[PDB]
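Working notes, structure below.
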Amino acid sequence: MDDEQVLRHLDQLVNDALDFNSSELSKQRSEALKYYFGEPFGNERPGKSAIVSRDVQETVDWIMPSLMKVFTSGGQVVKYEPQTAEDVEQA
Amino acid sequence: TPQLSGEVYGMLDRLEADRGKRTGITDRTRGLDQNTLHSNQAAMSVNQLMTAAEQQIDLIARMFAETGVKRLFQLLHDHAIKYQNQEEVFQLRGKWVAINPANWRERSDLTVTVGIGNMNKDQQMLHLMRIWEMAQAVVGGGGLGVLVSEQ
Amino acid sequence: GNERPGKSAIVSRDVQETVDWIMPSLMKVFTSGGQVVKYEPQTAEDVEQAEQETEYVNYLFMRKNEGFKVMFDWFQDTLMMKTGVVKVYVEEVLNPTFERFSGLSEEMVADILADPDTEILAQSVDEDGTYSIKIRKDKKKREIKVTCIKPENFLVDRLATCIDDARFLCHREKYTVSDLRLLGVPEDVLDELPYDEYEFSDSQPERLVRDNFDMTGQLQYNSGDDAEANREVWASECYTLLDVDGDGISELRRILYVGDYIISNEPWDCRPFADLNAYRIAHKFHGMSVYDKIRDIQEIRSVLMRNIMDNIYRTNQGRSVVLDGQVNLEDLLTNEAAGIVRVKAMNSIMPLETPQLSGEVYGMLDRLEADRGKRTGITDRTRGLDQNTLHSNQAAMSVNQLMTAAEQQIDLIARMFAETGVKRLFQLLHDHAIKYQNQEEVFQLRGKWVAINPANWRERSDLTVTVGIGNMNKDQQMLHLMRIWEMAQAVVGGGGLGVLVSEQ
Amino acid sequence: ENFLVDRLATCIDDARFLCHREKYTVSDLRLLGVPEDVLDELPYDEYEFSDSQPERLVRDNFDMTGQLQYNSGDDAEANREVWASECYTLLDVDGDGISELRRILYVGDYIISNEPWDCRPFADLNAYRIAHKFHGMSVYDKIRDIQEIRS
Amino acid sequence: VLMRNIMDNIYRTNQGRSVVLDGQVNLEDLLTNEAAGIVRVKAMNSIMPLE
Numbered sequence: 008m009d010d011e012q013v014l015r016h017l018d019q020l021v022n023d024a025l026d027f028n029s030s031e032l033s034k035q036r037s038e039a040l041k042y043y044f045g046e047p048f049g050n051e052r053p054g055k056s057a058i059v060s061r062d063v064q065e066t067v068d069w070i071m072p073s074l075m076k077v078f079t080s081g082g083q084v085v086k087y088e089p090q091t092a093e094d095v096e097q098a
Numbered sequence: 082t083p084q085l086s087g088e089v090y091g092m093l094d095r096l097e098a099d100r101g102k103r104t105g106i107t108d109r110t111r112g113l114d115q116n117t118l119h120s121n122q123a124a125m126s127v128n129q130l131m132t133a134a135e136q137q138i139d140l141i142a143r144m145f146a147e148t149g150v151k152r153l154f155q156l157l158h159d160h161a162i163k164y165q166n167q168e169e170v171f172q173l174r175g176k177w178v179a180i181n182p183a184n185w186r187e188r189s190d191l192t193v194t195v196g197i198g199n200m201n202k203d204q205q206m207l208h209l210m211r212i213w214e215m216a217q218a219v220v221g222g223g224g225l226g227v228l229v230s231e232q
Numbered sequence: 011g012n013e014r015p016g017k018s019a020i021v022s023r024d025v026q027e028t029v030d031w032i033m034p035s036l037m038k039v040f041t042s043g044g045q046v047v048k049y050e051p052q053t054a055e056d057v058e059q060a061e062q063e064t065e066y067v068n069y070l071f072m073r074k075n076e077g078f079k080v081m082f083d084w085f086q087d088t089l090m091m092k093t094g095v096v097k098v099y100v101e102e103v104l105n106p107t108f109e110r111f112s113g114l115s116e117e118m119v120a121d122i123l124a125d126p127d128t129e130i131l132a133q134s135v136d137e138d139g140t141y142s143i144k145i146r147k148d149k150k151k152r153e154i155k156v157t158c159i160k161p162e163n164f165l166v167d168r169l170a171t172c173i174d175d176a177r178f179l180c181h182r183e184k185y186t187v188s189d190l191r192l193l194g195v196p197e198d199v200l201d202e203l204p205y206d207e208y209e210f211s212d213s214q215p216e217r218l219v220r221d222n223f224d225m226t227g228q229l230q231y232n233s234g235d236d237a238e239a240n241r242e243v244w245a246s247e248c249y250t251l252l253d254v255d256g257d258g259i260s261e262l263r264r265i266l267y268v269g270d271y272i273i274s275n276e277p278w279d280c281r282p283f284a285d286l287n288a289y290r291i292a293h294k295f296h297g298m299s300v301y302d303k304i305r306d307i308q309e310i311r312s313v314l315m316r317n318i319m320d321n322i323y324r325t326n327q328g329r330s331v332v333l334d335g336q337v338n339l340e341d342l343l344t345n346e347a348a349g350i351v352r353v354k355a356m357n358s359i360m361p362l363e364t365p366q367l368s369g370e371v372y373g374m375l376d377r378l379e380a381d382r383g384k385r386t387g388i389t390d391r392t393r394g395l396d397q398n399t400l401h402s403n404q405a406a407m408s409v410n411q412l413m414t415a416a417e418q419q420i421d422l423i424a425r426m427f428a429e430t431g432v433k434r435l436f437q438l439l440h441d442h443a444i445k446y447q448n449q450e451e452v453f454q455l456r457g458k459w460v461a462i463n464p465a466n467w468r469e470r471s472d473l474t475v476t477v478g479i480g481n482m483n484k485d486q487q488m489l490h491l492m493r494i495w496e497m498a499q500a501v502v503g504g505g506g507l508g509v510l511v512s513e514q
Numbered sequence: 439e440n441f442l443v444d445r446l447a448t449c450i451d452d453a454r455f456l457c458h459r460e461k462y463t464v465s466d467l468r469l470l471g472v473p474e475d476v477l478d479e480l481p482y483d484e485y486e487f488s489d490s491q492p493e494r495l496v497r498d499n500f501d502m503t504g505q506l507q508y509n510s511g512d513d514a515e516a517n518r519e520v521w522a523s524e525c526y527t528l529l530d531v532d533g534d535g536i537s538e539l540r541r542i543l544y545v546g547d548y549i550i551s552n553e554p555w556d557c558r559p560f561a562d563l564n565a566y567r568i569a570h571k572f573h574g575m576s577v578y579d580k581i582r583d584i585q586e587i588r589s
Numbered sequence: 631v632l633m634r635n636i637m638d639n640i641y642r643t644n645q646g647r648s649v650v651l652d653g654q655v656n657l658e659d660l661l662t663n664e665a666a667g668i669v670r671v672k673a674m675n676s677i678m679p680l681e
């Protein structure tokens with residue numbers, strides 16, 4: 008009743024092999040990355056146009072700079088505020 | 082030669098507008114002010130502009146601040162006080178403060194403000210001006226040594 | 011569900027847009043100021059107490075319970091579903107903890123080891139007088155927790171009309187075997203516990219819909235041949251008016267049970283739930299949601315959108331009509347630069363005329379968008395709420411200058427949340443703080459302690475709750491401090507020192 | 439793709455099982471104290487074929503700078519790479535009947551470390567939060583159809 | 631009531647049907663709609679959108 012090495016290996020492998028499979032999450036994430044890169048959809052004919060509109064890329068690239076200017080512009084990134092007058096030096 | 086009707090172009094424009102409405106950010110959207118998350122911000126901008134549809138971006142900046150980065154820096158502080166390293170802090174600052182890590186789970190000493198350490202320098206700078214004016218007034222009032230000291 | 015195999019299937023987004031446009035203002039209000047609640051004293055003899063709670067409740071909500079996430083879930087559930095529920099309780103499962111320290115000095119180690127509730131697992135001394143310790147602790151002090159409840163896991167009777175008069179409330183949750191062991195359940199009962207329900211409550215439609223967004227539901231069954239201590243069971247804690255005393259008067263009781271074994275059965279003092287409605291209907295428990303107001307708009311706009319897609323897809327081939335027998339077909343087939351097509355009689359080739367939809371469809375697309383804007387009160391050009399709309403002594407006539415009456419609907423929501431749900435939540439938090447007192451936590455937080463008699467906790471005769479946003483007032487009382495200091499100079503110059511104002 | 443969470447978490451602080459998969463070299467394992475005999479019998483490419491995750495393939499194919507060539511073969515012996523897993527989970531190996539938080543670091547069939555732990559050292563973020571869910575929504579999930587139709 | 635009348639009208643006039651002279655138009659060509667297709671007709675002014 009102490010879970011020697013073999014039992015915990017069994018449990019760990021069961022839990023791990025439960026994941027690492029073709030699930031909807033990985034497919035959706037890979038598709039998001041593909042759409043960002045502007046990769047072909049897969050329905051393009053040999054002799055016709057195959058251009059792709061860029062929307063996810065534009066939205067991400069328009070959102071990111073604000074999210075960096077906030078949280079980065081000040082040089083400092085965090086400030087610890089004391090609770091009482093006896094913590095100031097620690098703060 | 083045959084030509085396509087205007088429905089295609091019109092509804093291309095409609096789809097662009099729909100994307101702008103869904104995401105909340107468009108081609109003419111102003112960027113976020115670098116003091117959006119500040120307390121004592123004043124600066125009623127971002128409220129004057131930035132209609133409710135695009136204030137969505139604000140929410141993201143808020144959601145990141147109160148959930149993830151705050152936890153990150155709380156973890157950093159906890160690791161700093163649990164696995165203490167003397168002679169690194171001393172080399173950095175020239176002085177040391179002893180902290181007992183017994184009650185680290187309580188978080189009863191410091192408040193984390195990932196609230197951006199942006200432009201507050203002018204605020205406490207004017208505050209120092211007014212405080213020094215008060216000090217001059219007190220000294221002129223005959224309170225030296227009882228109200229204020231040279232230190 | 012009415013889509014055809016080869017036709018368009020575009021869906022208009024209206025409920026999503028409305029919810030996403032309402033939420034950020036509802037967070038900026040109630041969150042922006044850092045503080046979330048302020049307790050104001052009733053008389054001059056409560057001021058210090060009014061401080062303590064204001065500093066205690068704030069540390070519990072924002073630094074010990076993930077207040078922002080709970081509040082966000084609460085508001086989104088209220089807007090999406092018909093009502094939102096949040097529970098406040100005292101922790102009953104007390105897990106042991108393990109701690110690791112390195113680089114400590116002598117006095118820190120002595121202070122850590124002086125506690126009689128800690129056990130040494132490892133101790134070592136490195137080069138330089140620094141210590142490394144590994145300890146296990148069993149803490150017994152209480153914890154005050156605030157949790158969000160999934161709408162499908164909260165049960166209310168059908169005659170309530172409010173929380174305080176509900177005859178039967180119940181909360182369904184999941185417990186592991188280790189949790190039940192910590193609760194004191196005997197082993198023989200544990201061996202004969204149903205590991206999946208009695209009523210098949212894992213197939214609620216809301217749960218299935220929520221879990222199918224990314225297919226991360228319980229597609230695999232568990233609590234089978236895994237570790238025995240991690241098996242999960244469904245437990246129910248119900249608060250109800252039931253007479254088990256036998257005195258003939260039904261009293262409020264809390265019953266916690268799993269399977270057919272009762273874990274706890276005890277008379278209770280209060281119902282620890284806070285509920286929120288966005289669009290309130292008088293004398294009803296559940297209000298209206300955004301879906302209930304704009305579902306038809308969403309459906310009709312989607313149908314029109316699909317019709318326009320269907321028309322466009324079948325008329326973009328650019329076909330042409332040709333008289334048979336009068337046109338050199340071979341010349342027409344080979345399309346080359348500056349080509350020549352030989353024809354025997356003219357008016358023989360033209361582009362094919364394709365049908366087009368009338369302007370009525372586009373016109374009422376616009377009309378339905380305008381109707382949704384009128385109905386919800388928020389449109390594409392509406393300004394957001396000011397972060398000070400709920401302030402007393404606000405002045406700041408903005409939001410009134412702009413924000414016409416239709417849009418002021420959003421204001422009402424911000425008011426309704428402030429006077430009904432959040433106020434009750436923080437009143438419950440204060441009551442729990444003063445009923446189950448814990449010294450040496452308040453002292454560690456503040457450095458001082460104030461004794462509070464909880465005998466009259468039901469009267470609420472000491473503090474008034476202002477969940478009214480503790481947003482930007484600092485400038486106001488700060489200028490007030492300027493002007494008070496000026497009065498102080500005037501008094502001192504008037505010869506009132508020591509009689510009108512003291513140095514302290 | 440290298441972070442694993444169970445399907446019932448809804449947040450980090452109550453997740454039953456978290457795990458981080460990373461790559462180590464023989465030199466790192468030697469510095470960690472692994473005996474040589476175990477080192478000679480270590481699988482030099484996985485047990486579960488985790489190098490073919492779709493996200494990794496998509497990311498690496500942008501400039502085809504992925505693992506198109508296999509390595510850890512006849513190169514220097516100290517530079518061979520193996521896949522190691524550090525999992526934080528609630529497991530009762532004490533035998534007291536109560537499952538405690540534990541950190542297990544292992545490679546192949548050999549456990550490098552197995553120790554009771556104090557905190558989960560991870561911080562996660564969500565941009566478009568869905569109530570009572572661990573994973574939120576992305577920009578793709580909101581404008582994929584717009585992109586397709588416009589194209 | 632007026633809203634309902636407009637909806638009744640719109641639902642029944644969005645099919646995009648066409649009017650064709652019988653016996654003058656190659657129906658096989660017209661039925662198969664492909665890119666840059668050709669429809670052979672024996673007399674002009676024979677295929678219209680329906681009014």
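From first to last, the protein sequence lines are chains Z, W, V, R and X. For what it's worth, our numbering labels the leading residue of the first sequence as 8, then goes sequentially. For what it's worth, our numbering labels the leading residue of the second sequence as 82, then goes sequentially. For what it's worth, our numbering labels the leading residue of the third sequence as 11, then goes sequentially. For what it's worth, our numbering labels the leading residue of the fourth sequence as 439, then goes sequentially. For what it's worth, our numbering labels the leading residue of the fifth sequence as 631, then goes sequentially. All residues carry an ideal CB built from backbone N, CA and C; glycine is no exception.
Among the options, whose alpha-carbon lies nearest the alpha-carbon of residue i?
i	options	result
W/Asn121	V/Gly43, V/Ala237, V/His181, V/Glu346	V/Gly43
Z/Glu88	W/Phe154, W/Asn166, W/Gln165, W/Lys163	W/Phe154
V/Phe108	V/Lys149, V/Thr88, V/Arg182	V/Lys149
residue 592 of chain R	Z/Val63, Z/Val84, Z/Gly49	The requested residue 592 of chain R does not occur in the structure, where chain R is confined to residues 439 to 589.
X/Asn663	V/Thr157, V/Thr325, V/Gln514	V/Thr325
For residue i, which beta-bridge partners are listed by DSSP?
i	result
V/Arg146	V/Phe108, V/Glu129
W/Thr194	Z/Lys86
V/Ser246	V/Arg182, V/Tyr267
V/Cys158	V/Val96
V/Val135	V/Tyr141
V/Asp285	V/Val95
R/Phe441	R/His458
V/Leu435	Looking at the DSSP assignment, V/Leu435 forms no beta bridge with any residue, so it has no partner.
W/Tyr164	V/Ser112
Identify the continuous alpha helix (DSSP H) that holds residue i and give its terminal residues.
i	result
V/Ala500	484 to 503
W/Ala98	87 to 104
Z/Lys76	63 to 79
X/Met637	632 to 641
Count the other C-beta atoms from every protein chain shown that fall within 10 angstroms of the C-beta of residue i, then say buried if there are 16 or more, exposed otherwise.
i	result
V/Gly387	buried
V/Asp125	exposed
W/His208	exposed
X/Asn675	exposed
Would you grab the beta carbon distance between residue i and residue j for me? Rounded to a whole angstrom, and I think it's under 8 Å.
i	j	result
V/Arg329	X/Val669	6 Å
V/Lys79	W/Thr194	V/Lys79 to W/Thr194, Cβ: 18 Å. No contact.
V/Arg146	V/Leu131	6 Å
Which stretch, first to last residue, makes up the beta strand (DSSP E) that contains residue i?
i	result
V/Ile359	359 to 361
R/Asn552	548 to 554
V/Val332	330 to 333
R/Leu446	Segment: none, R/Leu446 is in no beta strand (DSSP E) and carries neither H nor E.
X/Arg670	668 to 671
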